[PDB]
Structure formats: structure tokens, C-alpha cells
2 protein chains.
Amino acid sequence: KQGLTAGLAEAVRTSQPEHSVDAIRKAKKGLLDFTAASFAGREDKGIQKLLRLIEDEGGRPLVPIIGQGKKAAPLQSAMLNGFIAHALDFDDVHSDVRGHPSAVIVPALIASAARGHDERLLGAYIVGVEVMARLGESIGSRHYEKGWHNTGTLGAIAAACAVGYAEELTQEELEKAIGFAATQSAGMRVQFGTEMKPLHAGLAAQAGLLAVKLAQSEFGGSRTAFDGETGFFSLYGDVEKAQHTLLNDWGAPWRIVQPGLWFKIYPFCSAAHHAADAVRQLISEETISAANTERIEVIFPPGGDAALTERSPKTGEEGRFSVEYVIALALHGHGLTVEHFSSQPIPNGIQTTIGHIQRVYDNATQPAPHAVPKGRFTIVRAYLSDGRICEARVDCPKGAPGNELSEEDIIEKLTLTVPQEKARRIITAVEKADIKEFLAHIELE
Amino acid sequence: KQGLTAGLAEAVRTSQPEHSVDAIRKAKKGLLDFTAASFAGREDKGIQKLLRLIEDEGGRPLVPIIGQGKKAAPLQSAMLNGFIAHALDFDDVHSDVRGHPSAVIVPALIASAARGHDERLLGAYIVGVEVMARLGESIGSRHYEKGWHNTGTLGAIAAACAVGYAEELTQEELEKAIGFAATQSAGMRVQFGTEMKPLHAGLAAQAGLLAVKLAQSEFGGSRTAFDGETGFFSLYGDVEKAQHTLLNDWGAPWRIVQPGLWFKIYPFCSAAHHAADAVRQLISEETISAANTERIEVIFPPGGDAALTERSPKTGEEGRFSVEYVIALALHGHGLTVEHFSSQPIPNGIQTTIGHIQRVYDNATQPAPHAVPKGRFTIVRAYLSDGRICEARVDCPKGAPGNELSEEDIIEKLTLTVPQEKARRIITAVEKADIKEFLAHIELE
């Protein structure tokens, strides 16, 4: 009669992710996307606030701060590197997680790898994603609806499990590490729209790393924190659901492959990517523009735009969650790029165009079987001068599983910030599973 | 201020605790009890596990680790000193908090006072207790019953508010710090019976200190984390209750005075202190002993022993939550002292005596008007040869508000560990509000 805590600890401990060629390939691509997203945010001012904070605390310079040209202590690095990866909303997402797995897991593993077992990082990454996906599937819808932020609340446990795999924790050590992570698990969706939201990823990475370090120190703790009427799932979610779903069909195929990580080509809310692809198609094929369009209708399935909470953004940052701003920015001839999603105010011409973009809801159109997320689509319809219309539909955006990034796409995202030579050195280190060389290259200056 | 977050921030910011002579006296006594509890646990092996961890991380030696003879970084010191204060269950309790306020608040304030504003520490301590008491009152009974550990889940916000008062944060900065603390709030009762339970106090102190440092760094965050249907009280407790109770009659009377901190004379669960007082009375006045007692009946009102979850402890640590062990230990002629509540096994003779002690429940006996906690009493009845019985009743144990420690009790608790001359110098520094000298003394080199 094995409880959920022991069940998860055993599944993690005895995993053999390196036996899956596809999962290893996907983990290498994940390291490259994580690096690209972190580099693209290297000038974000929140990073400097956090660097001044940890410099005031002090710490041994052991782990690189990605893209920042310095090192810091392991737990400090986990906080910093999680924030950096998530700061621009340019990092990866996972449909099971309903959140951002690599921004939590990879910082924890970077801190572990800088200090041993780096030969297990890729496998640990696969296992970490496996846990976070399954936690997201198991916790229940009410968890997010009530106000918890999955990236934070499930990230600490997933990071503890990834690092626990990497460091070859015993069954008892891993059970305790899971409980040490669960008893720190936190993060509130009220922080959305502020830089505390990406900081949740760093604090979750830090909490999971601390959980492993406590277990390795022989610190005492519960071995059954998932179990019972006061266990983690009863407290934060749906324990019946977790009992049915958490461990079923563990591993191959790994969740990092199926349903798979989605690597973003746009630095804004994944829920706007369909519209972004569609309007770009219309601008390319039909030469539409803000000047020649009277107005726009954006068609979602009911609830498809729930994450796009900004209908009248004033800032590029607020515009990250506005399908109106995404479409209007493209119609005005601008790239859907990092520089246009900052705290600077949206110019008045684009705001005028935003006022001519409306959302409508279509409960009859059947989503495509390969849609990401499942059941999602978006149609963009432009109204031109003489009553003419044109439309484009996207169900699986570029970068999502089923519409994967090309070789060249990965290189392009990496070279947003660094020369071609740097990006190629990074790619080669990752291809060779040379984690020491990877870590050396991603520090930058 | 309008809304709960702004309201609490304003209540904290504009507090004038220094106008309350009684509150200042109580805060000084709380500092001395915190110090004595921390000193008494200085040999705890968990402390060395945590010291090795933070030494591996590194940090500037800025803040004393109480009783350990070294300094560490502010956030590290908060973690260490909260653990140290709570490690033996010898630290203070508060009925509104349903938890251990000083083990959270004083570590955060020590880290803040070591870097300035030390003249505000005593006031900040009062304000911190005010917040944690009100959170414990406002969150609702279901919070603890569901499985959350109030010391952990309410401590970060209380510590952020104490340090925010000490460092004179603005209204906006305090609103943000409250949210930075709330979005980290965590801690599960499944960790009871392990040293992770006292570590919750340090992790809460650390999270509250981080919240203040983020607000001071101009880090972005929600200013309304208590408010709305995804706010802290809706997520973790009873938002209706909090709307009625959180801010009402603030600071009048200060909760550190009424109902007041309880300073323990025994290093075990407060709920056993009545029985401890009673059995000692019986041993003193009637010369009962393990040898001449057939059996014991211990009488509680319904629910009075709910916290005493161990009826058949195997170790002194488990014995901390066993009225049977407390009574049996006293009957066998041993002091109710730190050395008898360690992880070492309970000897077979004491276990035999434990088997002769039964709990019974009396719903008719009226608690005394001065009972602490409200409605609580304990009667100890000893059955001797020839059918004789003797009984002793305790309603307000020594150390509880209304039956406060003498000066001599305070010095005795301090000298469990250090010579009388050292303790007198510590007390003198606290009496004069010489916080710098106090901080110098409690490092123990």
C-alpha cells in the first residue's frame, strides 16, 4: 500500500530518461531555448535590483548568473536565474504544467551541475518536466482558479525532484526532499502583471534546491507530505484526482516530448500566439495594414482568451496580455519583438487601432486535432475599405509541438543578443552534453 | 486606508507602540525569553546541519547567529535564528497566533537592527506581534485544521510588517512587502514531530525580511495582495472574518499585552504545562512518587489536550506532546528539563508508569475566570494504596499571562546556559534598550 509520496519518489529515483533518444533531443532543445530567453532579457532592470540584493548579502561565486557575467552562491543563483528566464515572458510553457517548467527546473539544475553530477543534468531535466507536468495534471483546476500560481506552487517540488535525480538521492532522502519542497510551496496569481510573477520561478527553484540540500544534510522531515487528509494534495488541490493521475504510465513517452514543451517565438502570452501568427499571415499574403483596415474581429472558442486579461493596455508590458495590442502593433508595421513589450507607453496611434479590434466567441467551430493547447484556435478577420474581408486561422502556433522550431529558428532566437560564434559554441556544448562548457559559455560578460 | 492591504499597511506604518509602557515592558521580557530559549538549544544538532549548509553557500558575516559564536548574512541569519529559537519547543506562544510569534519576528528584527534603526526594534517587535496575532485571529480555524502551520504561514507577513515598521517603509513599500511576504507564505503541519517544524519559523522570518528588501529595492509587486477573490484571505482562510477582525481596534490593547505572550517554564507543549504544574504540586505537598502511586487520572475539558497528540511516546521528543510522559517523568523524580525531552528513548520504567496514566474528560467543571488559555484547566489525580486519592488543579500555569515569570525566573532560564554575570549584563542591556549591546551579547562570541 504505497502512498503518493513514496510512489513519486520511487518513480523519480528509478527513472531512465537517457534511454529515450527523443526525450534527450528535446531536453537539449530546451536548454537552448532557456538560454535564448534568458539572454534576451539580459538588460531587464529587475535583474539589477536582484543582483544588488544578493551582492549585499554576499555569497561564494560558484554558479553563473546567466547572461550577467558573474557568479553567485547556488541558492542565490537559483533565484536569479529563474527570474531571468521568466522576466520577458519569452520562456517555455507546458500544457500539463499550466506554467513555465524550464524557468524553474533549469536554474535548479544549473546550480547542481556547477557542483557535481553534471552528467545527469539532461536526464534530470527530463524527470523534472515529468514531475511538473504531472503535478499540473494532478492538482486540479480549482488550484489555479482559487488564485495559486502553478509555476511557483508546483515548481519547488519539480525542482527538488530534478535535483534529487541528478544527485542520486536515496528513496528516504527523496521522500524528505519532496516534503521539504511542499512545505515551502507558494506563489499567488495576484502578482501577475508585476515582476514578482517571474520571481516566483526563481524562488521555486531555490526552494527545491534547498529541499535537496536539507535532505543531504540529514535534516529531519516528513516522508509522507503528499499523503493523507492534511497532505499536499488535500491542502492545495484534489487528492482523489492525484491518486488516479499522478503516477499512471510514468515515463516513455516523457511529458517533455508528449504533449511536449512549447518554445515561444514571441515575447508575450502564449494565448496570443495564434493571433500573432494569423495576423502576420494576413499582412504577408494580403498586405493589410493599420492604414487600410477599418477594424479587426478576433475569434476564439469560449474561454480561449482567458489568459489575455488586457483589452485596453497602456504599456507594452500590459500589452503582453492583450491580443488587441499584438495585432495592432503588427498592423502598424512593427516587429513582434522584445523592444515593443517594455514598460514604455503605447503610442496614441496604436491605441486608436486597439480601439478598432474586437473579440468574439465561436462555440461551433471544431478545433484541429493538433491544436496547442488542446481545443484552442484563433481566427483574425480584417475589414477593408469596400466591404472586403480577409481571414486567417491558427490552431498550432509556430514553436508549439506539431509546429516545431527549425534549426535556424533556434539559432535566430539565440543570436538576438550574442554573435553567431557564441550561439554556435553554446549549441555545440549542448549537442555534446558538455554541461561544463555550456555553463562556461552562458555566463557571458 | 481602503481595502485590507492598504488598511494593514497604514495601521503598521502609523503605529505608536512606544506610547504603551506595558507593551514596551512586555517586549523587553520577550527579548529575554527568546534569548533564553535560543541559548538553551545551542547544542541542538539541527543547528550544525544548517550552519554547514549556509557555510557552503557563503555570505557576509553581518548578523549574529544566536548562541553560536559566529555571524552570517541577513537572510541566512533569519533562517538560522528562527530555527534556533523554536528547536526545543521552549520559546513563546500566543493564543491569537495559535503559534510561535517571537521565533519568527525577533530573528527578522535582529537582522534589521544589526544594520541600523535598532532604536525601533522594541516598537517593531510590538507591531510584529500585533500583526501575527491579528492574522491568527482573522485567518479562521479551518486554516490550521486543513493542515497549515500558522507559525509558518502567518510569520512571513508578520515579520515583513515588523521590519517594515523598523525601517520606516512608506505606505506603498509596505503594501508591496505585505504582498511579497504573502506570495511566499507556506508551511505544513505534516512536518510536526520533525525539525522541519521549527525550521518553518526561520523560513518565515527569512521570507519576511526578503519581502522588505525587495520593496526597498523598488521591485515591482501587487499592492493589493490581501484584497479580492484571489487575495490572501480568500486563498488561505476566511475573507469575511478578516474583513471584520483584521484591523478593528488596532493597537488598543496591544496583543503582546492582551492576551499577551506566554513564556514557558517547561521545554514542551504549552498544553501540558497545567498538568506539569499540578503534578509538581502533588509531588511537593503529598510526597507521591512512581513507587507509591498505582495510577493517575488526568482530567481535561473536552478538547483541552488536542495538542498533546502522543499518548504513548517512545522518545523524549515525542514526550514533548505527551501529558503521560510529563507526569511519569516527574513521578520518577526527574526535573522537567531540556535534557529529558531529547531524541533519546524513554526508559522502560517510565514507559511502565506511562501505561498507568489515563486521560478523562469533564464537560461540567467550570474553568476559572483567569484560566489560560480560555476555558482550559487540568486536574491531576493520583491513586495511592488503601484506596486513597489526592488531586491538584491548575488553571493558569506559571509563565502564562496573569501568572507571569518573576525577574528571578527570567534570569534562571537565561543561566541554563551562561553564567549569572553574563545573564545580568544581557538583562541590563535590554532594560536600558541598548540594542547594540544586546546584539553583541547574544552571539556568545
Side-chain angles (χ1 to χ4, degrees), chain A residues 213-214 216-221, chain B residues 31-56 61 63-72 76-92 100 102-103 106-107 110 191-203 205 263-269 313-321 325-326 329 334-347 409-423 425-426 438-445:
Chain A
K213 286 179 184 303
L214 293 167
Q216 293 176 313
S217 301
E218 302 175 55
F219 206 73
Chain B
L31 287 193
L32 294 170
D33 186 75
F34 163 94
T35 300
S38 302
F39 281 3
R42 77 194 281 205
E43 304 296 332
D44 189 89
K45 284 123 54 144
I47 303 176
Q48 298 312 303
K49 299 174 195 171
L50 297 170
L51 286 174
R52 290 186 283 271
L53 200 154
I54 64 160
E55 283 160 6
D56 288 339
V63 185
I65 307 308
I66 306 315
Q68 297 302 311
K70 53 176 292 139
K71 298 181 164 73
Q76 295 175 328
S77 76
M79 179 179 72
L80 258 291
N81 286 337
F83 174 82
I84 287 169
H86 196 328
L88 301 181
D89 303 305
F90 207 7
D91 55 311
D92 69 15
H100 289 45
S102 297
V106 177
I110 285 172
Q191 297 292 356
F192 277 34
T194 79
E195 60 196 350
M196 188 62 228
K197 177 191 182 196
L199 185 53
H200 289 160
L203 293 173
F263 304 129
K264 294 179 166 183
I265 64 167
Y266 308 114
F268 49 75
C269 185
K314 294 323 163 184
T315 72
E317 268 179 349
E318 293 171 5
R320 296 179 193 179
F321 300 87
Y325 177 61
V326 167
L329 182 66
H334 305 280
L336 299 184
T337 56
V338 168
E339 77 173 300
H340 297 303
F341 290 86
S342 85
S343 53
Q344 263 227 308
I346 295 171
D409 298 327
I410 298 154
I411 190 96
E412 180 170 1
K413 202 178 171 170
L414 265 178
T415 53
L416 291 175
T417 297
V418 302
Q420 283 256 307
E421 193 265 350
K422 177 69 158 176
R425 293 193 284 143
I426 288 163
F438 170 67
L439 291 175
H441 275 299
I442 59 189
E443 190 178 333
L444 295 190
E445 300 184 81

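No hydrogens, no waters, no symmetry mates; every other heavy atom, side chains included, goes into these values. Numbers restart at 1 for each chain; the letters A, B, ... are given by sequence-line order, proteins then strands.
- B:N81 and B:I66 make their closest contact through OD1-N, 2.9 Å (heavy atoms, listed as atom of the first residue, atom of the second, distance).
- Using a 4.5 Å cut-off on side-chain heavy atoms (C-beta onward), B:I110 and B:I442 make contact.
- Closest non-hydrogen pair, B:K264 versus B:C269, comes out as NZ-CA, 4.3 Å.
- The distance between the ring centers of B:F90 and B:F39 does not fall below 6.0 angstrom.
- Pairing each heavy atom of B:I54 with each of B:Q76, the nearest pair is O-NE2, 3.5 Å.
- Note that CG of B:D89 is 5.5 Å distant from NE2 of B:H100, once rounded to the nearest 0.5 Å.
- Side chain of B:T415 to main chain of B:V418: no donor-acceptor pair is present (N/O by atom type, distance under 3.5 Å, no hydrogens or angles).
- Under a cut-off of 6.0 angstrom, the local environment of CD in B:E55 is crowded, with over 12 non-hydrogen atoms contributed by other residues, nucleotides or ligands.
- At a threshold of 4.5 Å between non-hydrogen side-chain atoms, the residues B:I65 and B:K71 do not count as touching.
- Remark: the B:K422 side chain and the B:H441 side chain contain an N/O donor-acceptor pair separated by less than 3.5 Å.
- Atom NE2 of residue B:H86 and atom CD of residue B:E195 lie 12.5 Å apart, to the nearest 0.5 angstrom.
- Atoms OG and CG, from A:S217 and B:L53 in turn, are 5.0 Å apart once rounded to the nearest 0.5 Å.
- When all heavy atoms of B:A85 and B:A37 are compared, the pair lying nearest together is O-CB, 4.1 Å.
- Note: B:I411 CD1 to B:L416 CG = 11.0 Å, rounded to the nearest 0.5 Å.
- B:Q48 CD: more than 12 foreign heavy atoms inside a 6.0 Å radius.
- Put simply, CG on B:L50 and CG on B:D44 are 9.0 Å apart, with the number rounded to the nearest 0.5 Å.
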List the steps, then state whether salt bridge (charged side-chain N to carboxylate O under 4.0 Å, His left out) holds for B:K70 with B:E443. CA-CA 7 Å; B:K70 53 176 292 139; B:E443 190 178 333; over 6 Å; no
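- B:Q68 and B:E445 share no side-chain donor-acceptor pair at under 3.5 Å.
- Ring-centre distance between B:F341 and B:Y325: below the 6.0 Å cut-off.
- In this structure, B:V326 and B:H340 have side chains that are not in contact, with every pair of non-hydrogen atoms separated by 4.5 Å or more.
- Across B:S77 and B:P64, no two heavy atoms sit closer than the pair CB-O, 4.3 Å.
- Annotation: side chain of B:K314 is not in contact with side chain of B:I346 (no heavy-atom distance under 4.5 Å).
- Under the 4.5 Å side-chain criterion, counting only non-hydrogen atoms from C-beta, B:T194 is not in contact with A:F219.
- The distance from atom CE of B:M79 to atom NE2 of B:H200, rounded to the nearest 0.5 Å, is 13.0 Å.
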Candidate pair B:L444 and B:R42, rule side-chain contact (heavy atoms from CB on, under 4.5 Å), full reasoning: CA-CA 10 Å; B:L444 295 190; B:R42 77 194 281 205; 3.6 Å; yes
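- Across all non-hydrogen atoms, the minimal contact from B:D91 to B:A103 is OD2-CB, 3.4 Å.
- Put simply, the side chain of B:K49 never gets that close to the backbone of A:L214: no donor and acceptor are under 3.5 Å apart.
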